[PDB]
$ cat data.csv   # CSV, C-alpha atoms
chain,number,residue,atom,x,y,z
A,3,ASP,CA,28.8,-42.9,0.5
A,4,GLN,CA,32.0,-41.2,1.6
A,5,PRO,CA,34.4,-43.5,-0.4
A,6,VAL,CA,38.0,-43.0,0.5
A,7,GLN,CA,41.6,-43.8,-0.7
A,8,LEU,CA,44.8,-44.1,1.3
A,9,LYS,CA,47.2,-41.3,0.3
A,10,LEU,CA,50.7,-40.1,1.3
A,11,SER,CA,51.4,-36.4,1.7
A,12,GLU,CA,55.3,-36.8,1.7
A,13,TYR,CA,57.8,-39.6,1.5
A,14,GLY,CA,59.5,-41.2,4.5
A,15,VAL,CA,56.7,-40.5,7.1
A,16,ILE,CA,54.3,-43.5,7.7
A,17,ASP,CA,52.4,-41.1,10.0
A,18,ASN,CA,51.6,-39.1,6.9
A,19,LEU,CA,49.4,-41.8,5.5
A,20,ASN,CA,45.8,-40.6,5.4
A,21,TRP,CA,42.4,-41.7,4.2
A,22,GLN,CA,41.2,-39.1,1.7
A,23,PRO,CA,37.8,-38.8,0.0
A,24,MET,CA,37.9,-40.3,-3.5
A,25,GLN,CA,36.0,-39.8,-6.8
A,26,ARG,CA,34.3,-43.0,-8.0
A,27,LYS,CA,34.9,-43.7,-11.7
A,28,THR,CA,32.7,-45.3,-14.4
A,29,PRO,CA,34.4,-48.5,-15.6
A,30,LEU,CA,35.7,-48.4,-19.2
A,31,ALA,CA,34.4,-51.0,-21.7
A,32,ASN,CA,36.4,-54.1,-20.4
A,33,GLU,CA,36.8,-53.0,-16.8
A,34,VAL,CA,34.8,-53.6,-13.6
A,35,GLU,CA,34.4,-51.6,-10.4
A,36,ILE,CA,35.0,-53.4,-7.1
A,37,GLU,CA,33.7,-52.4,-3.7
A,38,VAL,CA,36.6,-53.5,-1.6
A,39,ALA,CA,36.1,-55.5,1.6
A,40,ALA,CA,39.7,-56.6,2.4
A,41,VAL,CA,43.2,-55.7,1.1
A,42,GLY,CA,46.4,-57.7,1.2
A,43,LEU,CA,49.3,-55.5,2.5
A,44,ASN,CA,52.8,-56.1,1.4
A,45,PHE,CA,56.4,-55.1,2.3
A,46,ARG,CA,56.5,-53.3,-1.1
A,47,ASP,CA,53.8,-50.8,0.2
A,48,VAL,CA,56.1,-49.9,3.0
A,49,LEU,CA,59.2,-49.4,0.8
A,50,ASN,CA,57.0,-47.3,-1.5
A,51,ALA,CA,55.7,-45.0,1.4
A,52,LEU,CA,59.3,-44.7,2.8
A,53,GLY,CA,60.7,-43.4,-0.5
A,54,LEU,CA,62.9,-46.3,-1.3
A,55,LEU,CA,61.5,-47.0,-4.7
A,56,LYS,CA,61.4,-43.5,-6.2
A,57,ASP,CA,63.6,-44.2,-9.2
A,58,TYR,CA,61.7,-47.4,-10.0
A,59,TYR,CA,58.3,-45.6,-9.9
A,60,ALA,CA,59.5,-42.9,-12.3
A,61,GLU,CA,61.0,-45.4,-14.8
A,62,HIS,CA,58.1,-47.8,-14.8
A,63,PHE,CA,55.0,-45.7,-14.1
A,64,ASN,CA,56.1,-42.1,-14.6
A,65,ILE,CA,55.2,-41.5,-10.9
A,66,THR,CA,57.4,-38.6,-9.7
A,67,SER,CA,55.6,-37.4,-6.6
A,68,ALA,CA,54.5,-38.8,-3.2
A,69,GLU,CA,50.9,-37.4,-3.6
A,70,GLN,CA,50.7,-39.5,-6.8
A,71,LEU,CA,51.1,-42.9,-5.0
A,72,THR,CA,48.4,-45.3,-4.1
A,73,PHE,CA,48.7,-48.5,-2.0
A,74,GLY,CA,47.4,-52.1,-2.1
A,75,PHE,CA,48.4,-54.7,-4.6
A,76,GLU,CA,45.5,-57.2,-4.2
A,77,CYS,CA,42.0,-57.2,-2.7
A,78,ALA,CA,38.7,-59.0,-2.3
A,79,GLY,CA,35.2,-57.5,-2.5
A,80,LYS,CA,32.1,-57.3,-4.6
A,81,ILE,CA,31.5,-56.1,-8.2
A,82,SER,CA,29.8,-52.7,-7.9
A,83,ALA,CA,29.7,-51.8,-11.6
A,84,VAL,CA,30.5,-53.4,-15.0
A,85,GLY,CA,31.9,-51.9,-18.2
A,86,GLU,CA,29.9,-52.1,-21.4
A,87,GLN,CA,31.7,-55.1,-23.1
A,88,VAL,CA,32.0,-57.2,-19.9
A,89,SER,CA,29.7,-60.3,-20.0
A,90,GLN,CA,31.2,-62.6,-17.4
A,91,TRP,CA,30.5,-60.4,-14.3
A,92,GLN,CA,27.4,-59.0,-12.6
A,93,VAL,CA,26.9,-56.4,-9.8
A,94,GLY,CA,27.1,-58.3,-6.5
A,95,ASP,CA,29.5,-61.0,-7.6
A,96,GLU,CA,32.1,-61.8,-5.0
A,97,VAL,CA,35.6,-61.4,-6.5
A,98,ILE,CA,39.3,-61.2,-5.9
A,99,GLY,CA,41.4,-58.4,-7.5
A,100,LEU,CA,44.6,-60.2,-8.5
A,101,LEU,CA,46.9,-57.3,-9.4
A,102,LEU,CA,46.3,-53.7,-8.6
A,103,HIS,CA,48.0,-50.5,-7.6
A,104,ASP,CA,45.3,-48.9,-5.4
A,105,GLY,CA,43.7,-51.7,-3.4
A,106,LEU,CA,43.5,-49.4,-0.3
A,107,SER,CA,40.5,-47.5,-1.6
A,108,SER,CA,36.7,-48.0,-1.0
A,109,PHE,CA,36.3,-48.7,-4.7
A,110,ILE,CA,38.8,-49.7,-7.4
A,111,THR,CA,38.4,-50.2,-11.2
A,112,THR,CA,40.4,-53.0,-13.0
A,113,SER,CA,40.6,-54.9,-16.2
A,114,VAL,CA,38.7,-58.2,-16.1
A,115,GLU,CA,42.0,-59.9,-16.8
A,116,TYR,CA,42.9,-59.3,-13.1
A,117,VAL,CA,39.6,-60.5,-11.6
A,118,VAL,CA,38.6,-64.0,-10.4
A,119,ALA,CA,35.7,-65.3,-8.3
A,120,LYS,CA,36.0,-65.4,-4.6
A,121,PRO,CA,35.2,-68.9,-3.2
A,122,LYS,CA,32.0,-69.0,-1.2
A,123,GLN,CA,33.9,-70.9,1.6
A,124,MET,CA,36.3,-68.0,2.2
A,125,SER,CA,36.0,-64.8,4.3
A,126,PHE,CA,37.0,-61.7,2.4
A,127,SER,CA,40.2,-61.4,4.5
A,128,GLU,CA,41.1,-65.1,3.8
A,129,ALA,CA,40.6,-64.3,0.0
A,130,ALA,CA,42.9,-61.3,0.3
A,131,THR,CA,45.8,-63.6,1.4
A,132,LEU,CA,45.8,-65.4,-1.9
A,133,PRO,CA,46.9,-63.3,-5.0
A,134,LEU,CA,50.4,-62.0,-4.6
A,135,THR,CA,51.7,-65.0,-2.5
A,136,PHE,CA,50.3,-67.8,-4.7
A,137,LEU,CA,50.9,-66.0,-8.0
A,138,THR,CA,54.5,-65.3,-7.1
A,139,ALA,CA,55.2,-68.8,-5.8
A,140,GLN,CA,53.4,-70.4,-8.8
A,141,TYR,CA,55.4,-68.4,-11.3
A,142,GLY,CA,58.7,-68.9,-9.5
A,143,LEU,CA,58.4,-72.6,-8.8
A,144,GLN,CA,56.3,-74.0,-11.6
A,145,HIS,CA,57.1,-71.6,-14.5
A,146,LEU,CA,60.7,-70.6,-13.9
A,147,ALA,CA,62.4,-73.4,-11.8
A,148,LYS,CA,59.9,-76.0,-13.1
A,149,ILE,CA,60.2,-78.1,-9.9
A,150,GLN,CA,59.7,-81.9,-10.4
A,151,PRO,CA,58.6,-84.7,-8.0
A,152,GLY,CA,61.5,-85.7,-5.7
A,153,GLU,CA,63.5,-82.6,-6.3
A,154,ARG,CA,64.8,-80.7,-3.2
A,155,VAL,CA,63.7,-77.1,-2.7
A,156,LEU,CA,65.0,-74.6,-0.2
A,157,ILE,CA,62.3,-72.0,0.7
A,158,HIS,CA,63.8,-69.2,2.7
A,159,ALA,CA,61.5,-67.4,5.2
A,160,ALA,CA,58.9,-70.2,4.8
A,161,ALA,CA,56.7,-68.7,7.5
A,162,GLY,CA,56.3,-65.5,5.4
A,163,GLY,CA,53.4,-64.9,3.0
A,164,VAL,CA,55.1,-66.0,-0.2
A,165,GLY,CA,57.0,-68.7,1.8
A,166,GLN,CA,53.8,-70.3,2.9
A,167,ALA,CA,52.2,-70.4,-0.6
A,168,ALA,CA,55.5,-71.8,-1.9
A,169,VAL,CA,55.3,-74.6,0.7
A,170,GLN,CA,51.8,-75.5,-0.6
A,171,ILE,CA,52.9,-75.4,-4.2
A,172,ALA,CA,56.1,-77.5,-3.5
A,173,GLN,CA,54.2,-80.1,-1.5
A,174,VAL,CA,51.6,-80.4,-4.3
A,175,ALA,CA,54.5,-80.9,-6.8
A,176,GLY,CA,55.9,-83.8,-4.6
A,177,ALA,CA,59.1,-81.8,-3.8
A,178,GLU,CA,61.3,-82.4,-0.7
A,179,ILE,CA,61.1,-79.2,1.3
A,180,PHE,CA,64.0,-77.5,3.2
A,181,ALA,CA,62.9,-74.4,5.0
A,182,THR,CA,64.3,-71.5,7.1
A,183,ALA,CA,62.5,-69.2,9.5
A,184,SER,CA,63.0,-67.6,13.0
A,185,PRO,CA,63.2,-70.2,15.7
A,186,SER,CA,59.9,-68.9,17.1
A,187,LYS,CA,58.2,-70.1,13.8
A,188,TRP,CA,59.7,-73.6,13.7
A,189,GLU,CA,56.7,-75.2,15.4
A,190,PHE,CA,54.4,-73.6,12.9
A,191,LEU,CA,56.5,-75.1,10.0
A,192,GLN,CA,56.5,-78.5,11.6
A,193,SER,CA,52.7,-78.5,11.5
A,194,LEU,CA,52.8,-77.8,7.8
A,195,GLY,CA,54.5,-81.1,7.5
A,196,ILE,CA,58.0,-79.8,6.9
A,197,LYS,CA,60.7,-82.1,8.1
A,198,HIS,CA,63.9,-80.0,7.4
A,199,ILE,CA,63.6,-76.8,9.5
A,200,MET,CA,66.6,-74.3,9.9
A,201,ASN,CA,67.3,-70.8,11.2
A,202,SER,CA,66.9,-67.9,8.8
A,203,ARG,CA,68.9,-65.6,11.1
A,204,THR,CA,72.2,-67.5,10.8
A,205,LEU,CA,74.2,-69.1,8.0
A,206,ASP,CA,74.4,-72.6,9.5
A,207,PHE,CA,71.6,-73.8,7.1
A,208,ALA,CA,74.2,-74.5,4.3
A,209,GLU,CA,76.2,-76.9,6.4
A,210,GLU,CA,73.0,-78.6,7.6
A,211,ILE,CA,71.6,-79.0,4.0
A,212,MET,CA,75.0,-80.5,2.9
A,213,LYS,CA,74.9,-82.9,5.8
A,214,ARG,CA,71.3,-84.0,5.2
A,215,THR,CA,71.7,-84.4,1.4
A,216,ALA,CA,75.1,-86.2,1.7
A,217,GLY,CA,76.9,-83.4,-0.1
A,218,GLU,CA,74.5,-83.1,-3.0
A,219,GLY,CA,72.8,-79.8,-2.1
A,220,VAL,CA,69.3,-78.7,-3.3
A,221,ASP,CA,67.9,-78.5,-6.8
A,222,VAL,CA,66.0,-75.1,-6.3
A,223,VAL,CA,66.3,-72.1,-4.0
A,224,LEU,CA,63.4,-69.6,-3.6
A,225,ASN,CA,65.1,-66.6,-2.0
A,226,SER,CA,64.0,-63.3,-0.5
A,227,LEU,CA,66.9,-62.7,1.9
A,228,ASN,CA,69.8,-60.3,1.1
A,229,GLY,CA,73.4,-59.6,2.3
A,230,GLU,CA,75.3,-62.8,3.2
A,231,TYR,CA,72.3,-65.0,2.6
A,232,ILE,CA,72.7,-64.6,-1.2
A,233,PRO,CA,76.2,-66.1,-1.6
A,234,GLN,CA,75.5,-68.6,1.1
A,235,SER,CA,72.3,-69.8,-0.7
A,236,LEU,CA,74.2,-70.0,-4.1
A,237,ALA,CA,76.7,-72.3,-2.3
A,238,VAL,CA,74.1,-75.0,-1.5
A,239,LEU,CA,72.7,-75.5,-5.0
A,240,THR,CA,73.5,-78.7,-6.9
A,241,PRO,CA,75.2,-78.2,-10.3
A,242,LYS,CA,72.6,-77.0,-12.8
A,243,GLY,CA,70.4,-75.9,-9.8
A,244,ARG,CA,67.9,-73.1,-10.2
A,245,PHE,CA,68.1,-69.9,-8.0
A,246,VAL,CA,64.8,-68.0,-8.0
A,247,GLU,CA,65.2,-64.5,-6.6
A,248,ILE,CA,62.2,-62.5,-5.5
A,249,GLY,CA,63.7,-59.7,-3.3
A,250,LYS,CA,64.2,-56.3,-4.8
A,251,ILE,CA,66.6,-54.2,-2.6
A,252,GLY,CA,70.2,-55.6,-2.5
A,253,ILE,CA,69.8,-58.5,-5.0
A,254,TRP,CA,72.7,-59.6,-7.2
A,255,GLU,CA,73.2,-58.8,-10.9
A,256,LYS,CA,73.2,-61.9,-13.1
A,257,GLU,CA,76.9,-61.2,-13.9
A,258,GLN,CA,77.8,-61.5,-10.2
A,259,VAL,CA,75.8,-64.8,-9.9
A,260,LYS,CA,77.5,-66.1,-13.1
A,261,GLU,CA,81.0,-65.4,-11.7
A,262,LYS,CA,80.3,-67.3,-8.5
A,263,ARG,CA,78.3,-70.2,-9.9
A,264,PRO,CA,78.4,-70.4,-13.7
A,265,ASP,CA,76.7,-73.9,-13.4
A,266,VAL,CA,73.5,-72.3,-12.0
A,267,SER,CA,70.4,-70.8,-13.6
A,268,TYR,CA,69.5,-67.5,-12.1
A,269,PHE,CA,65.9,-66.3,-12.2
A,270,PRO,CA,65.4,-62.9,-10.6
A,271,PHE,CA,61.9,-61.6,-11.2
A,272,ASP,CA,59.2,-59.2,-10.2
A,273,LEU,CA,55.7,-60.5,-10.6
A,274,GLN,CA,54.1,-57.4,-12.0
A,275,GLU,CA,57.0,-57.0,-14.5
A,276,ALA,CA,56.7,-60.6,-15.6
A,277,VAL,CA,52.9,-60.2,-16.1
A,278,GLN,CA,53.7,-57.0,-18.1
A,279,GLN,CA,56.3,-58.7,-20.2
A,280,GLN,CA,54.3,-61.9,-20.9
A,281,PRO,CA,50.7,-61.2,-22.1
A,282,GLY,CA,48.5,-64.1,-21.1
A,283,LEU,CA,50.7,-65.0,-18.1
A,284,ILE,CA,48.2,-63.8,-15.4
A,285,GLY,CA,45.4,-65.8,-17.0
A,286,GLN,CA,47.6,-68.9,-17.1
A,287,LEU,CA,48.7,-68.6,-13.5
A,288,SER,CA,45.0,-68.0,-12.3
A,289,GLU,CA,43.8,-71.1,-14.3
A,290,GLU,CA,46.5,-73.2,-12.7
A,291,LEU,CA,45.8,-72.0,-9.2
A,292,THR,CA,42.0,-72.4,-9.7
A,293,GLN,CA,42.7,-76.1,-10.6
A,294,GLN,CA,44.8,-76.5,-7.5
A,295,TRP,CA,42.0,-75.0,-5.5
A,296,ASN,CA,39.4,-77.2,-7.1
A,297,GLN,CA,41.5,-80.3,-6.3
A,298,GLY,CA,41.5,-79.3,-2.5
A,299,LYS,CA,45.3,-78.6,-2.6
A,300,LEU,CA,45.3,-74.8,-1.8
A,301,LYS,CA,44.4,-73.2,1.5
A,302,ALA,CA,44.0,-69.6,2.6
A,303,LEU,CA,46.9,-68.4,4.9
A,304,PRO,CA,46.6,-67.6,8.6
A,305,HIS,CA,46.9,-63.8,8.6
A,306,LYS,CA,46.9,-60.7,10.8
A,307,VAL,CA,43.9,-58.4,10.2
A,308,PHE,CA,44.1,-54.7,11.0
A,309,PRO,CA,40.9,-52.5,10.9
A,310,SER,CA,41.3,-49.7,8.4
A,311,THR,CA,41.5,-47.2,11.3
A,312,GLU,CA,44.8,-48.8,12.3
A,313,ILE,CA,46.5,-48.3,8.9
A,314,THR,CA,49.6,-46.7,10.4
A,315,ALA,CA,50.0,-49.5,12.9
A,316,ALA,CA,49.6,-52.0,10.0
A,317,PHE,CA,52.4,-50.4,8.0
A,318,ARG,CA,54.7,-50.4,11.0
A,319,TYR,CA,53.8,-54.1,11.7
A,320,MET,CA,54.5,-54.9,8.0
A,321,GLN,CA,58.2,-54.0,8.6
A,322,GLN,CA,58.4,-56.6,11.5
A,323,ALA,CA,56.2,-59.1,9.6
A,324,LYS,CA,58.5,-58.8,6.6
A,325,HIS,CA,59.8,-62.4,6.6
A,326,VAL,CA,56.8,-63.7,8.6
A,327,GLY,CA,53.0,-63.6,8.3
A,328,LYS,CA,50.5,-62.3,5.8
A,329,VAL,CA,48.9,-59.0,6.7
A,330,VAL,CA,45.4,-57.9,5.6
A,331,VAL,CA,43.5,-54.6,6.1
A,332,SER,CA,39.7,-54.9,6.6
A,333,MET,CA,37.9,-52.0,4.9
A,334,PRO,CA,34.9,-50.1,6.4

$ encode --input "data.csv" --output "C-alpha cells"
Amino acid sequence: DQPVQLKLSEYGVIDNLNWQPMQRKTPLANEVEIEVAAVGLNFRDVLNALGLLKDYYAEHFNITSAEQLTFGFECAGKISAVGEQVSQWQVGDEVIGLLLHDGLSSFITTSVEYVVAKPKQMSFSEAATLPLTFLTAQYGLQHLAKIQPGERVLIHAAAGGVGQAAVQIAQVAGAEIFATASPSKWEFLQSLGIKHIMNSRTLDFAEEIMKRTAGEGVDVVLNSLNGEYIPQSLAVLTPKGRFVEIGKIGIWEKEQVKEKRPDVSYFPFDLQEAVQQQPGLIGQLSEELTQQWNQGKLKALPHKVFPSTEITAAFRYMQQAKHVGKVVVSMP
C-alpha cells in the first residue's frame, strides 16, 4: 500500500528528488515483480540527476526529459508477482535484481535474465552491494583483461565499490595487487591483505610501481580516475599490458591511447552496454560469480546505509563517496 518511486522534477537540483506514488504493473510473460528492500546507489545516479548524461540518455534510451528518469541500478528484495511463462521463481522468494533502471521504487518489474537468488546468510543491504561492483570487476578482469596467476594488477580507488570487488576477484585469480586510495583508507586496504598501497591523490604511484617491479611495470590496470591519472597509468603498463577503463566522463578515445602506447590493449567499457551488445553475457557473469560465492571466495562489502527518507543526503554523500565506499538505500 502506497508504493512510491524516486523522481526528478528538473535537472541539476538534487533537492528536487522526490518520492512519488507509483502504479504497480502486472509482469509480462517472462518477467517478475520484486518488492524492493534495499537498493545499491551509484555515482551514475548522481551524474544522471545533475544533467551530465543528457545526450547519452537520448541516444541510448530515447529519454529526453528529467521527469522521465528513474534511479537505482541494482536491488535486493522478494518476488511479489510472477509472469505467466516463469517457472523458476515463486512469490516470496528472496532475490537480487542484477541490472535495472528504476531500483529506487517500492516495486520493480524485470526480465528473469536479471534476477538471481539472495543468499540466506546475507541481509538485504549486504545483497545490494553485490551486482554492479562484482559484475563490472568480473567482466573487466576475467573477460577483458583475462588476468592470470602471478600477473600484476593495479586497481585504482581500491577502497571504492568496484575497487573492493576487483580486489576479491584479483586475489581469487592469484594476481599480485597494487592499489591506490586516499591515505585515510590505507589501513582498510592493508586488512584486505594488500601489500602494495599508494596514494590515489598524487602521481607518485608510477615511480613506486617501477621501483617495486624493477622497471617491469604492471600487466593490467583497472582505471576509474580521469585527468592526469590516465596518461600516468598508461605509463606504468608493461609492453602488451591491458588497460581496462570504467570511468565515463573525461576518458580517452582509443586513438589517443594508441598514439601514446601502441603496445597496449585498451578496453573501455560500460557494463550495461556490454550486456546489451553480448546476449548471454549477464547469465555467464552471474554463473561465474555464483561459483565464486559457493567456493567461499566472495564477500559482501562494508557499506553505508541511508534510510529512504534521507535520499537527498545519500545523493550528496555519493559525490564524496565516489572513489570510496559502497552506498545502499534501505526501502520502507

$ residues_around --input "data.csv" --residues "residue 241 of chain A" --least-positions-apart "6" --cutoff "10 Å" --atoms "only C-alpha atoms" --output "VMD selection string"
chain A and resid 218 to 221 263 to 267

$ atom_distance --input "data.csv" --atom1 "atom CA of residue 108 of chain A" --atom2 "atom CA of residue 333 of chain A"
7.2 Å

$ residues_around --input "data.csv" --residues "residue 285 of chain A" --least-positions-apart "3" --cutoff "12 Å" --atoms "only C-alpha atoms" --output "list in words"
residues 100, 101, 113, 114, 115, 116, 117, 118, 137, 141, 277, 280, 281, 282, 288, 289, 290, 291 and 292 of chain A

$ closest_residue --input "data.csv" --among "A:201, A:32, A:321, A:170" --to "residue 112 of chain A" --atoms "only C-alpha atoms"
A:32

$ atom_distance --input "data.csv" --atom1 "atom CA of residue 82 of chain A" --atom2 "atom CA of residue 5 of chain A"
12.7 Å

$ closest_atom_pairs --input "data.csv" --of "segment 118-200 of chain A" --to "segment 325-329 of chain A" --cutoff "6 Å" --atoms "all atoms listed in the file" --output "tab-separated table"
residue	atom	partner	partner_atom	distance
A:159	CA	A:325	CA	5.5
A:161	CA	A:326	CA	5.1
A:162	CA	A:326	CA	3.7
A:163	CA	A:328	CA	4.8

$ closest_residue --input "data.csv" --among "A:61, A:209, A:47, A:95" --to "residue 73 of chain A" --atoms "only C-alpha atoms"
A:47

$ atom_distance --input "data.csv" --atom1 "atom CA of residue 251 of chain A" --atom2 "atom CA of residue 167 of chain A"
21.8 Å
